[PDB]
Amino acid sequence: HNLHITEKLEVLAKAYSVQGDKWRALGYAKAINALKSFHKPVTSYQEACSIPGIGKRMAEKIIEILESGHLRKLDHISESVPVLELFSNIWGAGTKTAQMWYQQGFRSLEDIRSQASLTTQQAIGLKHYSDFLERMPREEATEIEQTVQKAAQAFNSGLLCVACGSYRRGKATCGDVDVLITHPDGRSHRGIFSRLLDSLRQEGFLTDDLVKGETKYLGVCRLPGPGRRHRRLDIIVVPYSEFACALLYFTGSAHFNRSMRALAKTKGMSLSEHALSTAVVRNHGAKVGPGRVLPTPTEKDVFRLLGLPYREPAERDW
DNA sequence: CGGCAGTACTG
DNA sequence: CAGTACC
DNA sequence: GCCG
Ligand SMILES: [Mn+2]
Ligand SMILES: [Mn+2]
Ligand SMILES: [Mn+2]
Ligand code: NA
Ligand code: NA
Ligand code: NA
């Protein structure tokens with residue numbers, strides 16, 4: 001509806017993001033989405049001010065693109081931004097690493113490969129640079145989840161395994177697979193990793209490990225046969241009591257969780273991947289009270305306790 | 001003026 | 001700890 | 001960057 005406006009703003013948002021100004025990048029991001037969801041084409045400064053997420057400064061910017069057809073600030077983005085974006089698209093390298101490499105004279109991934117000191121994670125991200133920028137067909141996400149489930153249920157058939165992320169939101173393609181594991185007995189879930197990961201690495205399924213935590217694993221897998229790409233895989237294990245909140249957080253979207261956290265704050269509660277907590281004490285900064293974990297056996301309970309109508313995963317793709 | 005989320009890893 | 005990543 |  002307003003792609004002539006948003007396309008110019010996305011350049012700025014990206015530039016701010018890779019340069020480290022995360023809060024400005026956040027503001028642009030929210031305004032950009034408010035633009036798409038709006039009912040009609042923006043046409044007035046006062047109209048711009050009408051929408052939540054667009055303030056004076058960006059009303060001006062939208063006001064400028066309206067008349068002349070382009071943005072004055074776009075012509076003054078530093079020449080380093082494309083290189084910073086190139087570097088920060090390496091998994092494990094963020095804005096701080098990208099800017100240091102740029103300062104030290106690196107300008108290409110060839111420079112990085114030949115002359116850069118890289119962490120174990122960054123070497124893996126570099127090796128899979130192209131693969132990790134590709135989304136996968138959701139039917140491939142299914143094969144990966146069932147691969148993990150078969151290996152987990154081989155140890156204990158009681159284990160519950162669910163792919164969340166964009167997959168659970170019903171999207172046709174996925175950037176990764178987020179697999180959540182628990183057990184109804186409330187104790188069978190612990191210590192599962194050691195045996196499960198070694199099993200999945202028994203297949204050649206797991207190809208690289210990025211993070212091997214006590215509760216979270218992030219790595220790389222590849223299904224068998226020709227024409228297969230390396231895919232990002234996350235495996236999270238949670239106690240059954242935190243299943244609902246974990247289900248909700250890892251299903252997303254990130255903007256949806258962001259909106260849920262703000263709503264919770266207006267009601268003196270907090271919402272994390274572990275629990276919905278009440279009677280939280282804030283000075284708007286959490287201060288004189290963590291609070292009590294409210295019981296949430298289902299995602300429906302989280303919505304209910306927040307006074308919201310339940311939304312199934314597909315309507316959370318914000 | 002200052003929050004805009006917390007949580008877990010890595011080294 | 002700073003940095004990065006997860007939704 | 002926005003907003004209270
Ligand atoms: Mn995901
Ligand atoms: Mn993921
Ligand atoms: Mn590959
Ligand atoms: Na507004
Ligand atoms: Na990165
Ligand atoms: Na050199």
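These numbers come from the heavy atoms of this one structure, side chains and all, not from hydrogens, waters or symmetry mates. Chain identifiers are assigned alphabetically (A, B, ...) following the order of the sequence lines, protein sequences preceding nucleic acid strands; residue numbering begins at 1 within each chain.
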Exercise for the section: With the side chain of A/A286 defined as its heavy atoms from C-beta on, choose the nearest nucleotide among D/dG1, B/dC9, B/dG6. Expected result: B/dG6
Exercise for the section: Please determine if a side-chain N or O atom of A/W91 lies less than 4.0 Å away from the OP1 or OP2 oxygen of C/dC6. Expected result: yes
What are the atom names and distances for every N/O pair under 3.5 Å that joins the protein to nucleotides 1-3 of chain C?
none

Problem - Distance-only side-chain donor-acceptor flag, A/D178 / A/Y167, under 3.5 Å - result: no
Problem - OP1 or OP2 of B/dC4 under 4.0 Å from side-chain N/O of A/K22 - result: no
Problem - Rounded distance in Å - CG (A/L276) to P (C/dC7) - result: 21 Å
Fill in the blank from the handout: Output for pair (A/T298 OG1, A/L248 CG), nearest 0.5 Å, gives 10.5 Å
Handout entry: B/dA5 versus D/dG4 - spacing of their P atoms, nearest Å
Key = 16 Å
Completion exercise
Sorted by chain and number, sequence neighbours left out, side chain to side chain donor-acceptor pair (under 3.5 Å) with A/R113 holds for A/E110
Exercise for the section: Output all residues satisfying side chain to side chain donor-acceptor pair (under 3.5 Å) with A/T119, sequence neighbours left out; order by chain, then residue number. Expected result: A/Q122
Problem - Selection from B/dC4, C/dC7, D/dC2 that lies nearest to any side-chain heavy atom of A/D178 - result: C/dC7
Handout entry: Interatomic distance where CD belongs to A/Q122 and P belongs to B/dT10 [whole Å]
Key = 14 Å
Practice task
Could you check how far NE2 of A/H274 sits from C1' of B/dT7, rounded to whole Å?
Solution key: 6 Å
Handout entry: Complementary nucleotide for B/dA5 - Watson-Crick or wobble, under 3.5 Å
Key = none
Problem - Spacing between A/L271 atom CG and C/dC7 atom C1', to the nearest angstrom - result: 11 Å
Exercise for the section: Report yes or no: is the cationic atom of A/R107 (NZ for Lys, CZ for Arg) closer than 6.0 Å to the six-membered ring centre of A/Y102, at no more than 45° off its axis? Expected result: yes
Handout entry: Nucleotide nearest A/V211 when distance is taken to its side chain, options B/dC9, D/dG1, C/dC6
Key = B/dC9
Exercise for the section: Measure from the ring center of A/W91 to the ring center of A/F132 and say whether it is less than 6.0 Å. Expected result: no
Problem - Length of the line joining A/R261:CZ and B/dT7:P, which is rounded to integer Å - result: 11 Å
Problem - Option passing side-chain contact (heavy atoms from CB on, under 4.5 Å) with A/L233 (candidates A/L210, A/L218, A/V179, A/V220) - result: A/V179
Exercise for the section: May I ask you to say what A/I90 touches in the nucleic acid, namely base, sugar-phosphate or nothing, with a heavy-atom cut-off under 4.0 Å? Expected result: sugar-phosphate
Practice task
Give the nucleotide from the list B/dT10, C/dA5, B/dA5 with an atom nearest to the side chain of A/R258.
Solution key: B/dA5
Problem - Distance-only donor-acceptor test (3.5 Å): side chain A/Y249, base B/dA5 - result: yes
Exercise for the section: Figure out the CZ/P separation between A/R168 and C/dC7, and round it to whole Å. Expected result: 14 Å
Handout entry: Length of the OH-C1' vector between A/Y217 and B/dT7, whole Å
Key = 20 Å
Practice task
Pick base, sugar-phosphate or nothing for A/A262, based on heavy-atom distances below 4.0 Å to the nucleic acid.
Solution key: nothing
Handout entry: P atoms of B/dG3 and C/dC7, separation to the nearest Å
Key = 26 Å
Exercise for the section: May I ask you to verify if any side-chain N or O of A/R232 is less than 4.0 angstrom from the OP1 or OP2 atom of C/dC6? Expected result: yes
Practice task
Please state how far atom CD in A/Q121 lies from atom P in B/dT10, giving the value in whole angstrom units.
Solution key: 7 Å
Handout entry: Side chain of A/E273 (C-beta onward), nearest among C/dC7, B/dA8, B/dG6
Key = B/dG6
Exercise for the section: Please check the phosphate of B/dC9 (OP1 and OP2 only) for any side-chain N or O of A/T215 closer than 4.0 Å. Expected result: yes
Fill in the blank from the handout: Sugar of B/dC1, judged by the sign of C1'-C2'-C3'-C4' (positive north, negative south), puckers south
Exercise for the section: Would you say whether A/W23 stacks on B/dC4? The test is a distance between ring centres of less than 5.5 Å and an angle between planes of less than 30°. Expected result: yes
Handout entry: Pair A/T251-A/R168, side-chain donor/acceptor within less than 3.5 Å
Key = yes
Exercise for the section: Please work out which of the three classes, parallel, tilted or perpendicular, describes the rings of A/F303 and A/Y310, given edges at 30° and 60°. Expected result: perpendicular
